[PDB]
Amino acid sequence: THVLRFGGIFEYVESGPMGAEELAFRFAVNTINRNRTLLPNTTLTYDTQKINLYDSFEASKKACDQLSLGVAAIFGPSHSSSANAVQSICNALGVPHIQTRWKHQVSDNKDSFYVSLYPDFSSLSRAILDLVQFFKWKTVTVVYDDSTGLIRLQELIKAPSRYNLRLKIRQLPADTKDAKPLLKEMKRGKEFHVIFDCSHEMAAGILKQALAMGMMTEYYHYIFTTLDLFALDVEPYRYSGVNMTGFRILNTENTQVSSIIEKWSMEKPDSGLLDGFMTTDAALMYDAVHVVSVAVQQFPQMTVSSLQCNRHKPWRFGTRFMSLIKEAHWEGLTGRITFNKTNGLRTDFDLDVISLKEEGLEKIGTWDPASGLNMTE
């Protein structure tokens, strides 16, 4: 019957295996094909290209090759510089670029052929601050990994002039093994209330150091910025009495979503991560392939065209497809998906709020930008 091709560009270091993102992409396409409710008369196909991390030149070439084969969208690469380059290309040729990871939005940038499935920083920033205020903290130490961490917490960093939060800002070193001297200063400083802005792998690492340092006890409360908090091996810490709170956008309470995360798990020792948990970077890619497909269903006329980066001739159906994608609505692995009319950023979404109880990490409320917290005391 009818057939439509998507492009995929996935970043990696060294060689195989496949990464989580390229896996979720393929997995979503195979699933959707078998669904008879979604794209009934339509069958999805794809080209996948692998590139080095941070080689925007290679990302450009591969994106141009794919636009030449003909594709209805490029689920372009993850990291800032390659992603900005593929987005500029996609904008010139009017093919939608689908992103799954946050990158810094420049105001005066006029690209319009992209949406991003990642929960926008502005909203996450607020939900961190909302949580801090619910715990009634007046003192807090924000610890971040790299520059861009600062940006994800700007709403929080600007609070000390409106509300009554004194706050200290510290930076992690490159390696978490180097983190004892930093943690010792926090300990002497009596900094019991701490937000860690860093990847979930960094968080697994910094917790081990915190244990060694006598800082996983009932005296300490740690808020985690990472959405992959639920991926952390928490067996070493649940009996200790520490408080760990963070957020989760992966909708694991829904039974339909649990069964999908399982089929995924089916297809390291010193990590401190659970093995075979579906991370957020990958649930988002899988959701992106669905949301875009909901749009394809509403545009049966559309077909791919072989476009050449040489020539300034855009894709006929681009403008209309891009518009359908931005209007799309979908219940996926990561809850309500809905983009912002204005900038194509996902600014409205649903978070579960999770905390460490002796039983493990469990849900204790919700957050959404219109309600603030809905804690279930």
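Residue indices: 1-based, along the sequence shown.
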Notebook entry, point to check: Relative to the deposited sequence, how many residues with no modelled coordinates occur between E267 and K268 (none, 1 to 3, 4 to 9, 10 or more)?
Noted result: 4 to 9
Item checked: Mean C-alpha B-factor comparison - 6 to 14 and 21 to 29, higher one -> 6 to 14
Check: Got a sec? Mean C-alpha B-factor, which is higher, 115 to 123 or 255 to 263?
Finding: 255 to 263
Next item on the list: Go through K62, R36, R336, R320 one by one and give the residue whose Cα B-factor in the PDB entry is largest.
Entry: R36
Notebook entry, point to check: If you compare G276, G94, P236, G205, which has the highest Cα B-factor in the entry?
Noted result: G276
Check: What third of the chain, by the recorded C-alpha B-factor, contains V296?
Finding: middle
Next item on the list: Consider only the C-alpha atoms of the modelled residues in this chain, order them by B-factor as the entry records it, and name the third containing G189: lowest, middle or highest.
Entry: middle
Notebook entry, point to check: In terms of the CA temperature factor given in the entry, to which third of its chain does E155 belong: lowest, middle or highest?
Noted result: highest
Notebook entry, point to check: According to the PDB entry, is the CA B factor of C198 in the bottom, middle or top third of its chain, that is, lowest, middle or highest?
Noted result: lowest
Notebook entry, point to check: Split the chain's modelled residues into thirds by Cα B-factor; is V242 in the lowest, middle or highest one?
Noted result: middle
